[PDB]
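Okay, structure first, notes after.
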Amino acid sequence: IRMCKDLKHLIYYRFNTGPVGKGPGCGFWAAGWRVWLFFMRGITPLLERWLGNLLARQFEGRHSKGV
RNA sequence: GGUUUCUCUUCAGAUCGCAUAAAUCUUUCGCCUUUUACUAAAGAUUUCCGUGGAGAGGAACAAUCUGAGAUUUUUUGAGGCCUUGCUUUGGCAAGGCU
Ligand SMILES: O=P(O)(O)O[C@H]1[C@@H](OP(=O)(O)O)[C@@H](OP(=O)(O)O)[C@@H](OP(=O)(O)O)[C@@H](OP(=O)(O)O)[C@H]1OP(=O)(O)O
């Protein structure tokens, strides 16, 4: 989130330079899109393992003593 | 001595990736009632998103294509001839010849 905020500042202070002002008209979404896809690369196996454990506890049942 | 595409197997020691996430363990910090979820540095490992080389099989298209392959100076007649020793009998070593 912090990286995205920093990127926005960078983009805005390369955008609002000449006659353009502080309007909401700047949409240059490639950098934040890159950041959230690299996050999604990292968060795919962790969420896969977590939801697999959730489904296995939902269907196989919870081991009482177990480990 | 074809291209394109799909799948499988094997090897990566190249910035395998002119990009970059996450997790585990051991310690140091910070926040701090306690536990997750946390802070950010190191080390040891992993997973994931991708990649390169080689081989094999399949499918669709061009059906070949791409190759490798002489006289006029200095590289051709200034060529033949008797004698002495050896003849090693194809001639060698020495003289005036043309
Ligand atoms: O720095 P942030 O906290 O991330 O807020 C910014 C900032 O607004 P603030 O100055 O008030 O903090 C920008 O403003 P500028 O200084 O660059 O002019 C910009 O606002 P502008 O559109 O007017 O440039 C942008 O706004 P937005 O993302 O809507 O485009 C956004 O403000 P927000 O946090 O409200 O979104």
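Structure above, values below:
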{"read-out": "Pairs where the first residue, in region A:35-57, is in a helix (DSSP H, G or I) and the second is within 16 Å of the ligand (Cβ to nearest atom) and of a type outside the set (A, V, I, L, M), C-beta under 7 Å, 6+ apart", "value": "A:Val35/A:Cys4"}
{"read-out": "Selected residue (criterion: nearest to A:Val35 (Cα to Cα)) from residues of region A:1-14 that are within 9 Å of the ligand (Cβ to nearest atom) and touching a residue at least 12 places away in the same chain (Cβ under 8 Å)", "value": "A:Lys8"}
{"read-out": "Residue in region A:19-57 that is farthest from A:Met3 (Cα to Cα), counting only those that are loosely packed, with under 10 Cβ neighbours inside 10 Å and more than 26 Å from the chain's Cα centre (by Cα)", "value": "A:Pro19"}
{"read-out": "All positions within region A:1-18 that are within 12 Å of RNA strand B (Cβ to nearest atom) and either surrounded by 11 or more Cβ atoms within 10 Å (Cβ to Cβ) or not in a loop (DSSP other than H, G, I, E, B) (or both)", "value": "A:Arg2, A:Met3, A:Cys4, A:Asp6, A:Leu7"}
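Each value in this text was obtained by applying a stated rule to the coordinates, not by laboratory testing. Quick reminder, even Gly has a Cβ in these numbers, built from the backbone with ideal geometry, and neighbours come from all protein chains shown.
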